[PDB]
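Spelled out, the chains give:
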Number of protein chains: 4
Amino acid sequence: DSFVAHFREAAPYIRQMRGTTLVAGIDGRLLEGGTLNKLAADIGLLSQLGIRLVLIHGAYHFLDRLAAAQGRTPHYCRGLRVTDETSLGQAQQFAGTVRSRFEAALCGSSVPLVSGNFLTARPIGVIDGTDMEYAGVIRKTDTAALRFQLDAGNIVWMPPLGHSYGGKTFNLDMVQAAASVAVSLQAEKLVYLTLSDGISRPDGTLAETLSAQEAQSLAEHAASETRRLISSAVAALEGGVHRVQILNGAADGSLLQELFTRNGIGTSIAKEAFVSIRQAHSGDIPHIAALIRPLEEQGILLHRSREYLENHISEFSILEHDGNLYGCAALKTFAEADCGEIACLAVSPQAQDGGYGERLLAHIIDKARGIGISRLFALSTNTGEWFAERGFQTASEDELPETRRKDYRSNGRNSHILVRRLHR
Amino acid sequence: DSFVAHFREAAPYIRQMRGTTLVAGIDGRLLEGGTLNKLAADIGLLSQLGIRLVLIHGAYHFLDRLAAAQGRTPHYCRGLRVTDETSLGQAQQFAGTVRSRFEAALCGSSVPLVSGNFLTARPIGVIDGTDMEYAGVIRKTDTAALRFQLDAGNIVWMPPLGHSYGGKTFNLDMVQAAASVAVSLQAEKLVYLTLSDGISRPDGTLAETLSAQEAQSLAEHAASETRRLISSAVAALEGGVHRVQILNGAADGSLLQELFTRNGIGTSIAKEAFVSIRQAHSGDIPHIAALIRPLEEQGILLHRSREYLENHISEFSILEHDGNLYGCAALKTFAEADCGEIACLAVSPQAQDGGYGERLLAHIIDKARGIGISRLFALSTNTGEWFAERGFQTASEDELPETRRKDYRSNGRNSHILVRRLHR
Amino acid sequence: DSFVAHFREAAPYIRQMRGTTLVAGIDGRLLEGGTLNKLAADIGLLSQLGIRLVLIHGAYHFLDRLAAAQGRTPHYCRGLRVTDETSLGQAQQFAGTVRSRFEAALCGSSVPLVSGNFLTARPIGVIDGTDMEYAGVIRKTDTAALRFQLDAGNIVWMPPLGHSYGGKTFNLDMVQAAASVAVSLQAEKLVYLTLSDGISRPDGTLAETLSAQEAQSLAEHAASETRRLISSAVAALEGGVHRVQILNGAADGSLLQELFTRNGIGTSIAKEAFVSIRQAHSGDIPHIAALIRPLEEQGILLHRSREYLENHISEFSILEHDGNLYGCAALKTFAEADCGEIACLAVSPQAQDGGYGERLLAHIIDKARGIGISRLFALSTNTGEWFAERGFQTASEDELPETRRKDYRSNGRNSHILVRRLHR
Amino acid sequence: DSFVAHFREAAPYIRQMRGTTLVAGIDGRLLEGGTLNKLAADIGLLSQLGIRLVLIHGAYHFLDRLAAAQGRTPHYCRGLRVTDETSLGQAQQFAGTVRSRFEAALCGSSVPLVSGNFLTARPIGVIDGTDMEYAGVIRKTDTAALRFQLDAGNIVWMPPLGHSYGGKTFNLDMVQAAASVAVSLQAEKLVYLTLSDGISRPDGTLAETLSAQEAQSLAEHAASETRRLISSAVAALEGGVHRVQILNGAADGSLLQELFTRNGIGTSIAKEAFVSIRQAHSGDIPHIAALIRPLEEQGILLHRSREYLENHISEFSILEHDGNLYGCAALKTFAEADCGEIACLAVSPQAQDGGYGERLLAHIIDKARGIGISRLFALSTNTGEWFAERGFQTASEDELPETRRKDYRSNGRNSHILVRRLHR
Ligand SMILES: CC(C)(COP(=O)(O)OP(=O)(O)OC[C@H]1O[C@@H](n2cnc3c(N)ncnc32)[C@H](O)[C@@H]1OP(=O)(O)O)[C@H](O)C(=O)NCCC(=O)NCCS
Ligand SMILES: CC(C)(COP(=O)(O)OP(=O)(O)OC[C@H]1O[C@@H](n2cnc3c(N)ncnc32)[C@H](O)[C@@H]1OP(=O)(O)O)[C@H](O)C(=O)NCCC(=O)NCCS
Ligand SMILES: CC(C)(COP(=O)(O)OP(=O)(O)OC[C@H]1O[C@@H](n2cnc3c(N)ncnc32)[C@H](O)[C@@H]1OP(=O)(O)O)[C@H](O)C(=O)NCCC(=O)NCCS
Ligand SMILES: CC(C)(COP(=O)(O)OP(=O)(O)OC[C@H]1O[C@@H](n2cnc3c(N)ncnc32)[C@H](O)[C@@H]1OP(=O)(O)O)[C@H](O)C(=O)NCCC(=O)NCCS
Ligand SMILES: CC(=O)N[C@@H](CCC(=O)O)C(=O)O
Ligand SMILES: CC(=O)N[C@@H](CCC(=O)O)C(=O)O
Ligand SMILES: CC(=O)N[C@@H](CCC(=O)O)C(=O)O
Ligand SMILES: CC(=O)N[C@@H](CCC(=O)O)C(=O)O
């Protein structure tokens, strides 16, 4: 495929990723092989594409490679590596040689790269009667300082080391350092660059996209390591991060291909914000009426009525928060078994603009589909593009279900008509 | 070829083009067909890639399309279209419908797009007894205002219309408006988006790259239109612009492919700054000595001598400005007919850092090559990377011409040795 | 009258209008005659006087002038002109020739003038079974971009055209575009430059100033056009704009004379914020007591008492929001039928500083006046200037009603005394 | 001595050192002992006192401590340590453990500390037939980036490592890295924190202050190490740095005591800018006349004359640049052998304000003193404070030498009279 076409494809993801903040937690194996030059390069490019970068690396696998081979053996607890004064000493060494090679590798393939005492750690203390010693976790993170450097366009490099006010240095767990740093920054995107093609489902297939929930539920049968990715990824999301990804950093160019294709090459994970949508029943009707009535008076909605509603209350859905009714949507059906209609779609003007409408539309389309409906219509007098923009084609009178074509004729409204093909 | 590989290729040109200013002069035919959506898109992307954009369009072909078809016939003079009060009136119309379609087309494929009274025109007046009437040329261009908008990241749109202080509006020639605007902005790059795959040489082949000189000399036998491109492109360059390009705007994605590949798809043109390099002769020697001597005292250069030089003054070149000697370089030869050496390469410390060294290196390599030399050596004690960076590989003692290997041994200097393969 | 005196008069309105934002909706007839040079000039001056300017123009009258004269006839619906693909095409033309003439006219009488894709439209869709086609209304307005340009001192020019995300361009109604833009900007002032000396009352007299309410009520018997001015002017105000004006843009210099004289030459309209003020009755007394008591303990208010109040509860007014009592004020009377006193004026410290005090003062003065009172006194120990500033002159003991002069003597407070002449 | 008095003493040096840039080159032994906490603390304080800090550390002594103890033995050349791929590897380790301890030590005694890829090195190459291998020197130093961080108030930390464009990392000599960095920054002050109480004179006494010249001349008989301090300190100065100091970083609190006392505790070094001052002779007189005459016409100088001057040309000095005469000053003597007068002090108005006047004053006072003069008078009608400010006390008529008191009386000028006691 041609250059121009690849470039024209990436264009939209470049748009999206621009001026946005991307926290990367990098396995330290990656900072060592031939795999490091590829990765620094891909990261220069990101910088070039106007993405704000914070980069954090781990040390566990290097330490052990030095441990097992010193005679000693590392214990982990809940995953967290007990770190003594000698391991801590090597982690300080490992960080200097890494930060320096990554620098060279980046300078060799004028991109400004900045490191900082942005972190204050406290020791994790004791877990299940075990002194973790120098194992830290982040107590404070100098957010203003960081934004300042990202504002200026510097790529931030962070080793897995914080300092405490007592003048002691602690060893930080990369995986949950990064996620903590992302939540501080409210970064749009946390990326973990592992040695694995993402997270696998119950049977060997790699999980392309997952809700925090699905992620959660894969964990019960998942391996230590991928279990802790999942929790930090879940916590990063609930903490405000928009999207956390898992890639194989060792696979050539994966970062690019993940960020700037319609496809990807790893797992990505997203949080399903709260919205209780359910089958309307007898009690909603006064609410729905109050919601519906203003609109049905402006001419934006067909005029309904207590009995209309009372007798079709089953074809309606409502969206609710805290007992409060914020929206509704109904599915009409027809003698044509393939057809359907989104009807009576309404969100309160107060609670508008946060994807409520969308959620009801989606919901209905799930329901139209569970009954073998494959074309969904939507007619509208002042709102057509909401649907044109969200996957509906223009249609004519002659295309409606026969009956709906009758009503349409003797409406007098001339609503615009649209449809959207639903998928099996 | 894979995505990642295309992207990894563009990466360097993205680096270069970033934060840089690109003035585009666009034929107005392009703002009309299906060719406009492609082009707006490609231009959104540029914006996305951090390039400062100023865009200017023409009107000549639209006017005439309206003229010939009104009964009237346009005269041009030296290429400049006499424009009456009615043509001027239509150009104002044409500009509003263009700026608005390009807007829609860009909004449809959140990129900020800004238009401005940045130009003050005066009428061209009379040429060869002919009143050009409303044909303007730019008298002043509000540069601070423009930088301000580019600083903020707006894409600047400019119609081919300026206003004069007497309250009159003039019609501007696109081709030399853009080049004028670029010189004001000192833009790095002026791009002309024509209906032609660039400029053709004496025999049908498209001229990939050209010096302003070669450009110049193609003009004597070239067609009106491409003659005026050439002059404005020459004037833009001498006026300070770094590089002017000519592409076919109608060819799909050409802009991208031009800017972000090692290849291209149009013509590009560059100015050969002034440097008089010539065969050293008897008179230079005191100069060369003064230049050479400090260095030959620090140990950076083999030690020469009046007679050494006097008897080999033919193997030397010198670089000179205003009778002043600013650098030198010599080509040694050997019993091996394929071999050569760059020797005695020196630029004054005052006049360093502007590509003087490079120019002498190049020069010598032209000369080594005109005598069938295909490997050029360079030995150096403190300056090796200058050559490693500029296309030389490391070598060993055992690889030198036999004689030079002798001298090398009984030097005691241990110079590093490098070579570079010259091309037929 | 002398220069200096005119200038010294304008000085205060210049103070007020400085650094303030003024959205102007301009009838497009104005952009055409000799009336355009005058108007551009007056608008340069505004810019010179440090006023932030956004200017938006209409197209309806031009379109029709082209329509009726093409054979075709425009339908309007609720005032909104159905606009086809050919009208939309001309509106794009009309905008380019206008923006360009206004530019020339402004450049001819160095004031920076900036145009922008600040608007995203959606089509109005269908009204009363009628496809409005390309008739848009503004869906989003890039407010940050606009403030940015106004911050820099540019005059913003806006044609009556937005674009939609589907890549289509819509025709915008000027009158309610401007008001929408003002509300976005929260501009202090929206000015509509019409062809009429403002809005006329029930009997031929031009309405100098009006509350949104009075405006509203003039509408029931008013003409289509002036009916829609009124609604957009009402909506702009409720939407947050401080003041909307209606002038005759064709009348020479009206804009100046409107903005910088104590008088004006058109209609102006202002919103009466919410304040329920009413006759105190038996139930308020505990509230009034709690409000009054702290103050009556600091020495700022004469000391009252349950019975005092109980027996004069008729001379009191209270101000209330949401059943909450936020202030009070009483009118005392005297054997002198011309006299009155503002007594017991108090607002809670929480709800202070928003013109509550003023509203009660006003209120009382309405009431003093409805009983033929023409001098209102106010005595005060620590608050005299509140009244000196708000239209009261200093007075002496010997000027009080005889009885109040008695009380004053044997007070011991030495309150300052002031008065204000009320008008028939 | 009391707190207040110490603080009131430091106040002036705090004034001077504020907002000023201080580059510190630190021996790496210092980053290790108990000596590190003291030093980080003193450096926090500096930061607190508004001084811009760049800090750079060495590695030579650590490397060798690892070398001698590995079996290997380091060669130095001209002082520069040949560094192989394994030493370079350890220097990367040493830098990470240092930067991290200094961090902890600073965090333990909220001061922001910033590290950066500010340096690009090239290898030193070959010296006297010896491959220095990975021994670098700085080729480019990102000055804008550095000022940016100092502007923001960050303390800059720099390890002794740069990177080259070929993707290789080099080992930098601390001593001449710092001085190079200072010259780039044009820092006011370069401080070298050694293990020695400054530089010793020919006989064991520590050299408090030295001109670059005196420094220079101490070097001929000085030890390798202190020889290279001297050259880098000389080059930093000629390169534009205002003042370079040498202290014992291991001595407790020396940095403070050096910077904020009238005394110090180490050596300091300063450059004697160019000014040729010499005994006036017959040829200067026309110059001196032209210089003198305007002034002698304004009344600022006693009126002289060709013969006056011709016959006393020995009591005059002149200051000259490039054969050009820019100033003059004369010493009068008296029957009182202790007395003297500065007479005829004049600098051209063009070349004023750069300490020329001062230099002539000094000069004369050297000359008055070499003839046993211990009081120097200066009389002046419009210039008294120049002398009051520069160490002269007010005097009366009755205090002048007897003869000068005569002239003074029958002048009519009433010059102010001042004196200054010169020291044996
Ligand atoms: C259309 C509606 C139901 C969407 O509800 P919502 O919860 O705001 O929906 P979402 O937040 O998912 O989408 C909001 C977005 O849709 C856009 N939208 C809202 N009204 C629009 C319209 N009439 N035309 C086009 N787009 C519109 C909003 O501008 C907003 O744009 P953005 O994505 O660039 O911010 C709307 O809120 C509503 O109730 N309008 C009046 C009732 C109506 O038209 N109902 C049925 C139509 S037949
Ligand atoms: C090498 C030299 C001749 C280049 O001359 P020049 O006119 O400055 O050459 P150019 O301007 O084309 O190239 C200058 C660039 O080369 C780089 N350069 C200069 N000396 C360098 C060196 N010793 N090592 C690596 N790069 C060096 C400069 O840093 C500058 O870097 P930049 O491209 O990132 O700005 C140099 O100026 C010189 O005379 N040095 C001393 C003499 C010497 O070494 N002569 C022969 C070497 S065997
Ligand atoms: C005087 C008072 C009743 C005004 O109430 P209010 O609702 O704040 O009145 P407004 O908001 O219309 O006017 C507020 C302004 O009046 C000014 N004002 C308030 N107290 C003032 C005083 N004692 N002297 C002068 N001006 C005063 C406020 O500073 C504010 O100034 P600004 O216009 O530059 O912002 C005041 O709030 C109050 O109750 N003070 C104590 C009670 C008292 O003095 N009552 C009667 C006086 S005899
Ligand atoms: C006084 C003079 C000789 C000093 O020469 P100079 O080379 O400028 O001396 P310096 O640069 O060392 O000192 C310059 C400073 O002295 C100050 N100075 C100059 N004239 C001054 C005066 N008349 N009163 C007080 N200070 C003065 C300048 O303002 C400048 O102030 P700064 O230290 O805050 O910048 C002056 O330049 C001069 O020639 N003035 C007229 C001739 C004259 O008065 N000669 C003899 C006086 S009896
Ligand atoms: C999608 C939607 O809510 N449609 C409106 C009908 C609009 C019309 O038919 O013209 C409804 O009443 O269901
Ligand atoms: C390229 C160059 O100028 N070389 C130096 C030689 C350096 C050496 O041989 O060690 C020259 O004298 O020609
Ligand atoms: C205006 C007002 O509220 N006055 C205070 C009286 C102040 C006085 O008389 O000194 C009042 O009690 O009515
Ligand atoms: C210091 C100096 O130059 N003095 C002036 C004299 C000023 C006076 O005596 O009043 C001089 O002629 O020497």
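- For this entry, the PDB record names X-ray crystallography as the structure determination method and reports a resolution of 2.60 Å.

- Chain A has the name Putative acetylglutamate synthase in the PDB entry, where Neisseria gonorrhoeae is given as its organism.
- Under the UniProt heading Catalytic activity (unreviewed entry), the note attached to chain A is "L-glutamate + acetyl-CoA = N-acetyl-L-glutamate + CoA + H(+)".

**Examining the relation of the copies chain B and chain D**
Argument step 1. Mapping chain B onto chain D calls for a screw motion: a turn of 120° about the axis and a shift of 0.0 Å along it, with 0.0 Å RMSD after fitting. Read as a symmetry element, the transformation amounts to a three-fold axis.

**A look at the site of ligand 1**
Argument step 1. Lining the immediate environment of ligand 1, one finds 23 residues, of which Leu345, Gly355, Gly357, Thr383 and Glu385 of chain A sit closest.
Argument step 2. Proximal residues around ligand 1 fall on chains A and C, making this an inter-chain site.
Argument step 3. Here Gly355 of chain A contributes a backbone N or O atom positioned 2.8 Å from an oxygen atom of ligand 1.
Argument step 4. For ligand 1, an oxygen atom lies 3.4 Å from a polar atom in the side chain of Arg139 of chain C.
Argument step 5. Among the secondary structure elements, those contributing two or more residues to the shell around ligand 1 are β20 (339-347), α12 (356-370), β21 (375-380) and α13 (384-388) of chain A together with β9 (135-141) of chain C.

**Thoughts on the interface of chain B and chain D**
Argument step 1. Facing the eight residues of chain B at the interface are nine residues of chain D.
Argument step 2. Contact between chain B and chain D buries roughly 680 Å² in total, counting both sides, with carbon and sulfur atoms accounting for 37%.
Argument step 3. Taken as a group, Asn382, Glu385 and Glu389 of chain B account for 54% of the area that chain B buries against chain D, more than any other trio of residues on that side.
Argument step 4. If you look at where chain B meets chain D, you find one salt bridge.
Argument step 5. In this structure, the salt-bridge partner of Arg139 of chain D is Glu389 of chain B, at a minimum N-O distance of 2.6 Å.
Argument step 6. Here the side of chain B that touches chain D is composed, by residue class, of no nonpolar, five polar and three charged.

**Some thoughts on helix α12 (residues 356-370) of chain B**
Argument step 1. With 15 residues, α12 of chain B should reach 21 Å at 1.5 Å per residue; the first-to-last C-alpha distance of 21 Å fits that figure.
Argument step 2. Of the residues making up α12 of chain B, those classed as buried are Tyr356, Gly357, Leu360, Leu361, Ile364, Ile365 and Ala368 of chain B.

**Some points on the arrangement of the chains**
Argument step 1. Here five pairs of chains make contact, and the pair sharing the most contacts is chains A and B.
Argument step 2. Taking C-alpha atoms only, the smallest gap left between chain C and chain D, which are not in contact, amounts to 25 Å.

**Re the relation of the copies chain B and chain A**
Argument step 1. Rotating chain B by 180° about the axis while translating it 0.0 Å along that axis superimposes it on chain A, leaving an RMSD of 0.0 Å. Such a combination of turn and shift is consistent with a two-fold rotation axis.
Argument step 2. Residue by residue, 100% of the interface of chain B is reproduced at the interface of chain A, so both copies engage with the same surface.

**What about the side chain of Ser211 of chain C?**
Residues and elements named next belong to chain C.
Argument step 1. Looking at the secondary structure, you find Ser211 in strand β14 (residues 209-211).
Argument step 2. Classification of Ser211 as buried rests on a relative accessible area of 19%.
Argument step 3. With residues up to four places along the chain from it excluded, the contact list for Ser211 reads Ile269, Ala270 and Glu272.

**Some details on the environment of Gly249 of chain A**
All names here are of chain A.
Argument step 1. Within the secondary structure, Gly249 sits in the loop between β15 (243-248) and α9 (254-260).
Argument step 2. For the pair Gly249 and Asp197, spaced 52 residues apart in sequence, the C-alpha to C-alpha distance is 8.5 Å.
Argument step 3. Residues in contact with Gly249, not counting those within four places in the same chain, are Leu30, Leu193, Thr194 and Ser254.

Parameters and conventions
Residues numbered from 1 in each chain as written, not as in the entry; some residues may be left out. Chains lettered and ligands numbered in written order. Part of a larger assembly, values for the part shown. Heavy atoms only, no water. UniProt positions renumbered as here; feature names shortened; annotations may be inferred. Least-squares fit on C-alpha atoms. Near = heavy atom within 4 Å. Polar contact = N/O pair within 3.5 Å; in protein donor to acceptor, adjacent residues only side chain to side chain. Helix = DSSP H or I, 4+ residues; strand = E, 2+ residues; numbered from the N terminus. Contact = heavy atoms within 4.5 Å. Buried area = accessible area lost by both parts, 1.4 Å probe. Salt bridge = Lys/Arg side-chain N within 4 Å of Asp/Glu carboxyl O. Nonpolar A, V, L, I, M, F, W, Y, C, P; charged D, E, K, R; others polar. Expected span 1.5 Å × (residues − 1). Buried < 20%, exposed > 50% of the residue type's maximum accessible area, 1.4 Å probe, protein only.

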